[PDB]
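A short write-up of the structure that comes next.
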Amino acid sequence: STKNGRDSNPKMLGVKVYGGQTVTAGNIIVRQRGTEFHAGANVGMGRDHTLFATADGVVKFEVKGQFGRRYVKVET
Amino acid sequence: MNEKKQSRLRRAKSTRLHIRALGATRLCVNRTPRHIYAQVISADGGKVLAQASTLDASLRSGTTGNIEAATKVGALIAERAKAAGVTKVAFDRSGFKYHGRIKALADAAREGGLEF
Amino acid sequence: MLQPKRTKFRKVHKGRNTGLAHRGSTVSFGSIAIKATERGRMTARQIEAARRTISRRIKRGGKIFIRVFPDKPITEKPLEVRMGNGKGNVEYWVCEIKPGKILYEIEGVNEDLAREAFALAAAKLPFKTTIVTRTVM
Amino acid sequence: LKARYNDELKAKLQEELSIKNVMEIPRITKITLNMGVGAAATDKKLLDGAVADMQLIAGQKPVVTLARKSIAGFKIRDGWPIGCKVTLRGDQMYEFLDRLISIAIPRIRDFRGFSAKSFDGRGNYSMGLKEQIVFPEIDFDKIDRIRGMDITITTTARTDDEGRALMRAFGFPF
Amino acid sequence: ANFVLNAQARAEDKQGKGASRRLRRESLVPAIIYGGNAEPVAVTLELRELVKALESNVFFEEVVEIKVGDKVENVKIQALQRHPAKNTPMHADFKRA
RNA sequence: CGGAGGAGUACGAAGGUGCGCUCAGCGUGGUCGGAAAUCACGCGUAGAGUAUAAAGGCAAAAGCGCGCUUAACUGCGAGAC
RNA sequence: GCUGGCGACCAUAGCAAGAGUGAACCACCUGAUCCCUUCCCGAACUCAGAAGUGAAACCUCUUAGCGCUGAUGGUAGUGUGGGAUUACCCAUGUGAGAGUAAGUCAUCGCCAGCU
């Protein structure tokens, strides 16, 4: 007999909106377990580190700051 | 050595970042054992809108390093900012305790008529 | 018998053996060496037998460097056991060999003696080999 | 001391070390006393005895020091008091050091107990003296089992020789 | 003086994986010459000539002359690539000296 | 019926907020006190910690303290996964 | 041109060593009355100040010393079509990582004070 054979259900994480797409307020941009990406201008952060848009506009990704973090923002 | 200043900027960082995130005009104040300084800065954080300090010719002949001079500098910055056209600002203590000369400057500005 | 003193995991996937040996194809310790020109597997027993033959031929007059180590475990099913019911038990350890991999080097021995010892050793190995010497570049 | 050091010993040290700037002249910063009374978890009264003792010795309220990290070999663990300590700066350290240099060395059993060695290598000097008497405190009556205290002096003297020079000028026995 | 290598030009249509494999099937060897004050130049050599030159120890310390047409370059051998299993030379670097 | 591990809880503070603080290791000196308790000073360093398994994270620290407290609310909710 | 504050950017920008500045500023500095503070301490936070100093610390300049950046060429991998089956070859498109030549002791904005 074996002692293995367990696994958990999938969680479906990942980027939902890519750069250059238009969004409306409330749209979810990234699903992530930890803060792989950080919230920029017009982007909010949920209690499970989800990133969502707080304005209408166009999504942009970049690398900024002294620690070299990855940021996502919405341009109006 | 140097740890006083490093700690002070470490304490100032959180308030400065929160003010930047809110996007409000900032009233940043600096203190030194001899003088006091105050500036009004745009929300983006790159352009100075107004300034006032004891180095001005009006006060440079006085004590320049106590509560009385802080009140006058607060009145001066309030008047100059009101003339420039800013009304609602967020106060930035830059890691100093909200007390003494800092508090006097803030109170003088509020009395002068900047709502915060 | 060579074997890792400790391992993080007992059993590993089979994998695939492809490519050439860009690392470990240059003589670095001795003056003369034997390298494989064909790909395959080398077991701990084979490594031990080849080392013993080379040492006996060269009469312990020089140093022998072994540059292959068996760190991949291989499992087998107990026998008369049907398919399924989990992975089998570990039986022996092997080292993956890609063409160009140097197996043994010899230092401090005459070239004719070294070639004789390597010729003796090659008859114990499951792949074709060749003899190389140190060069400037 | 105090004015004694400021008016006299400053020039004396300046001429002794031939150092140009007055800010280079060594000065004593702080005095730290410690009792690390371990195994207190078994009894719990020796610790209050010790804090009362140092409160008597020095004119300040001592602070108890808890543990960091847990050692199974000893009976010690993270968040409980293991020792206690006092620090002194300014006039308090000058007065305490004067009382030390004056009245401690006569009342000890064996002289020569202190050395010009035991320098940290940067000008700070630590000495551990057994017994809590040699101070103007109450005698064996009204105190618990006697305890020994460690005292460290921390100064602005850069190196060992300057530390020794300042010590010699102040008048430690060694 | 002692060592002269005859080379041809290697134009842009003769660069890449396929072209290099075709050259080595034709039994030639691609090589690159770089060094101070000038732009790198790509050339091709003969395997037999290269092997003969490498057969001697002094070749790795002397200054050699590579001639392609009328021009001539004075260089030293800087790097060398070999086939892992056959030991045949495959590429060469020359630094201008 | 492939290879490895966890869960069937805990907490009125281990929740909220304002203010404040940096770990771990080593080398030195110093009563019992040593490899290892506590004290002081230097050196390279996130290798510590995060109630609990692992992964993704953590300087505005998401790690660690103190004062006051109950937003561990009621009615909802554009828009998304 | 020097000094202070706030940013842009986040090692070609950093670290380490060496040297320099007190007119102003900055820093060290004096005191503990009053405001305020230490699970002890005017050390830190805070107030009242000007006898001292540029020692420390911060800023500025020099150095390739560590670090960092980094070609060209070749090699590995790979989409499509064909030929083969220890997993490679041909046509066509694409193309690293490591290493080499080489480079680096940053570059800009807003305001205020001095010569």
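First the proteins, then the strands, lettered A, B, ... as listed; each starts at 1. These values consider heavy atoms only, across backbone and side chains, with no hydrogens, waters or symmetry-generated copies.
Within 90° of 0 lies the glycosidic angle of F:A13, which makes this nucleotide syn. In G:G65 the base sits anti relative to the sugar, since the glycosidic angle is further than 90° from 0. The glycosidic torsion of G:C10 lies within 90° of 0, which places this base in the syn conformation.
In summary, D:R158 and D:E24 engage in a salt bridge, as defined by a charged side-chain N under 4.0 Å from a carboxylate O. Electrostatic pairing of A:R31 and A:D48 counts as a salt bridge here, judged by a charged N lying under 4.0 Å from a carboxylate O.
A donor-acceptor contact under 3.5 angstrom links the side-chain atoms of A:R6 to the base of F:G5. For A:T35 and F:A62, a side-chain-to-base donor-acceptor distance below 3.5 Å is present, hydrogens and geometry of angles not being considered. Side-chain N/O atoms of B:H99 and base N/O atoms of G:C35 include a donor-acceptor pair closer than 3.5 Å.
For D:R68 and F:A24, the shortest distance from a side-chain N or O to OP1 or OP2 is below 4.0 Å. Contact annotation: E:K17 side-chain N/O to G:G77 OP1/OP2 distance is not under 4.0 Å. At the phosphate of G:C58, OP1 or OP2 sits under 4.0 Å from a side-chain N or O atom of B:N2. Contact annotation: C:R10 side-chain N/O to F:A4 OP1/OP2 distance is under 4.0 Å.
By the 30° and 60° cut-offs, the orientation of the rings of B:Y98 relative to B:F91 is perpendicular.
Pairing of F:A48, defined by two Watson-Crick or G-U wobble distances under 3.5 Å, is not identified with any nucleotide. Base pairing annotation: F:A37 forms no Watson-Crick or G-U wobble pair, as no partner gives both donor-acceptor distances under 3.5 Å. Across all strands shown, F:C32 remains unpaired; no Watson-Crick or G-U wobble contact has both distances below 3.5 Å. Summarising the base pairing, F:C64 is matched to F:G20 through a Watson-Crick or G-U wobble pair whose two defining distances lie under 3.5 Å. With a 3.5 Å ceiling on both atom-pair distances, the Watson-Crick or G-U wobble partner of G:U104 is G:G67. Nucleotide F:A78 has no partner under the Watson-Crick or G-U criteria, as no pair reaches both atom distances under 3.5 Å. Taking a pair to require two hydrogen-bonding distances under 3.5 Å in either a Watson-Crick or a G-U wobble arrangement, G:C2 pairs with G:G113.
A south sugar is assigned to F:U22: the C1'-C2'-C3'-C4' torsion is negative, on the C2'-endo side.
Base stacking between strand neighbours F:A36 and F:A37 is absent under the criterion of six-membered ring centres closer than 5.5 Å and ring planes inclined by less than 30 degrees. Taking ring-centre separation below 5.5 Å and interplanar angle below 30 degrees as the test, the adjacent bases F:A14 and F:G15 do not pass.
Distance from the side chain of C:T18 is smallest for G:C88 among the nucleotides F:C39, G:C88, F:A60. The side chain of B:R60 lies closest to G:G113 when the candidates are G:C47, G:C26, G:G113. In this structure, the nucleotide among F:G56, G:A48, G:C6 sitting nearest to the side chain of B:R16 is G:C6. Nearest nucleotide to the side chain of E:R24, out of G:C28, G:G74, G:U30: G:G74.
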